[PDB]
Every structure is written in C-alpha cells, then in structure tokens.
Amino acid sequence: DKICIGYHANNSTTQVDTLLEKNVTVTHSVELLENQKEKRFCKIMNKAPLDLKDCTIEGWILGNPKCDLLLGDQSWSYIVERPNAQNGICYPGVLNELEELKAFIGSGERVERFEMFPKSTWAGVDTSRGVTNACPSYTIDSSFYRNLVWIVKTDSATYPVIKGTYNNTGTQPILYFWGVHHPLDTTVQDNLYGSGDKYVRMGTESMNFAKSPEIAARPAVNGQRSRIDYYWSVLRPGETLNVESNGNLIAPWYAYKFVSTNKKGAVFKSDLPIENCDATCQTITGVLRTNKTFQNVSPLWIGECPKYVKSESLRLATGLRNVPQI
C-alpha cells in the first residue's frame, strides 16, 4: 500500500526562458506578443479611411485639377497617402508651413468644402484667365487649382486695389489657402499686374500677413521659371478675414469647414490596399486582430492596439517545468 506526491506532465514542447535558464519546457504557457498582421487597411469604428490615390496632401486641399475625384466633402478615420503620388503642387513654388499643415489636417476627421470668396469678390480685375500648362486637368491642357483664383489685369487697364472680406459666423474653424505670384522678370510682372510696387496683405483678429513679389529667374520646374508662394491659415469661429491687394494675388476661392477629431490622428504613407473590412487596430503596415498585450509589427497605428516592442517573443510560463516520464 502506497501513496505518492507528484506533479503534472504532458506532451508540451513549448519552451520559455528565465534569468537562470534558457529553453525551459513547460506544461503550460501564454504568448503575450503578436507578430501577425493583415497586410491591408480596414475601417476604424466602421469609418472608412480616405485614399488620396495619385494625389499628395498638397494636391488634395489645394484643389489640383487632377484631384477632382477627392474634391469636396470628406470624412475619414485616417488618411492613406501613396508614396509615388504625382499630383501635388503643379505650378512650382513652396507651400509654407507644410509640416504644420499636414499635422493640422491629420488631427481632423472631416472637411466641408464651400465657396469662401466667389469670383464676384474681386472688382476691377480679371478672374477668367488664371490658368497654366503646368496645371492641366484630365481634359484640359491649361487649368488651375479649384480652390484658388489666379487674378490678372483686364486687357489694358491697371491693376486696382481689390478687397475682400469674410466673417466666419459658423461654429467650425475654416481652413483656407492663398498665394503670391513671383514672375521671373519685370516684363511678365508688367504684362500681368501692371507697374508700380505690388503688395498682398491679409488680416484677422489674430493674424497679420504682408507680402510683395520677389522677381527673379529660378530653374525651370514644370516648364516654369516663375514661382508661387502658397500659404494657409485657419479662420477661427467668430473671426473675420480681410483681403487687400493691388497685384500678384492668388486669391482664396473655396475653403474648408474643419472638424477636429477628439481621438488620435493618423496619416499613413503606404501602398497597402484598402479593402471592405472592419478593424479595431490599424497599423501602418497592416491590421492587428488580437487580444495579446504586445506587438512587434509597428509603433505607428490608429485605434486600440497592443504595446509596440522590439521583442520576437514574450512567453510567460503559467504551468510548471515539463518533465515527462519516460
């Protein structure tokens, strides 16, 4: 008659590491790290992402003529920008505070496009010939940004002091754009805006802007040695914008009522496909469908994701040292 004390063994070959010993086979354990992803983009809270396709962020909100697919109202859980997108700033020049603009746009979830300054706004000037071969549409060889108006003189008269005002009486901030044109020589300057010192001045309750054309011949980009300085700003609720210029003004035409997301903002630069799927965690390199605590997929994500670490595996022993007999 015998009684023995003993412990569980099984057919486990799953191992863990300890401070004292590597490769310890245990009867039971749990993996805390996720390394699997669905290489695709899905919806977040049943809200679809915005595919910018062949347009860059700049091309999108500036209203590049080849970005009409995106034109107008958009809602998004996050933004997907394709790495080799060709349609950005068509007429050469710098969009000022570009990085801050991208960060601002990223912090939003919806824009509503509206007409902020109809062409009727600018008196004594031409609002019909503002096009360029640098900015073609899909059907027309010479067009321009859907949100801007390139203003030039009437055929022979001088460029007068034009003025515009907009009072944001709504509850939402307004993202709007404008520009200053810099001709390559004084000839083009005179041909388009006439003679004399030119200025572009704009102001709100909290912003002042003042710029003059800087005439010089710069290297040819998209067949242009001239440039445009593009600008952006945000008209706060209750604020008023005043526009005043006597030339070289790329005027604001359409703008965006901007809805800032309460949540976290994301802009993914990726070639991955957006499919008809749902997810709770969207990584820049794919979807994570897991209940695990850690992941080694990517530190860049939106939604409720596991903590990112460099580890290959984080396996906790739960059972005991597996010593099966024989």
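Residue indices: 1-based, along the sequence shown.
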Taking the recorded C-alpha temperature factors, which stretch has the higher mean, 293 to 301 or 53 to 61?
-> 53 to 61
Looking at the entry, does 99 to 107 or 84 to 92 show the higher mean C-alpha B-factor?
-> 84 to 92
Which listed residue, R236, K163, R146, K211, has the largest C-alpha temperature factor in the record?
-> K163
Among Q172, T154, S77, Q74, the highest C-alpha B-factor in the PDB entry belongs to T154
On the chain's distribution of Cα B-factors, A266 falls within the third called middle
Name the third of the chain's ranked CA B-factors that contains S260, choosing lowest, middle or highest.
-> middle
Considering only modelled residues of the same chain, in which third does the CA B-factor of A48 rank: lowest, middle or highest?
-> middle
Using the B-factors in the PDB entry, rank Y254's C-alpha atom against the chain and give the third, lowest, middle or highest.
-> middle
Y193: CA B-factor among chain residues, third -> highest
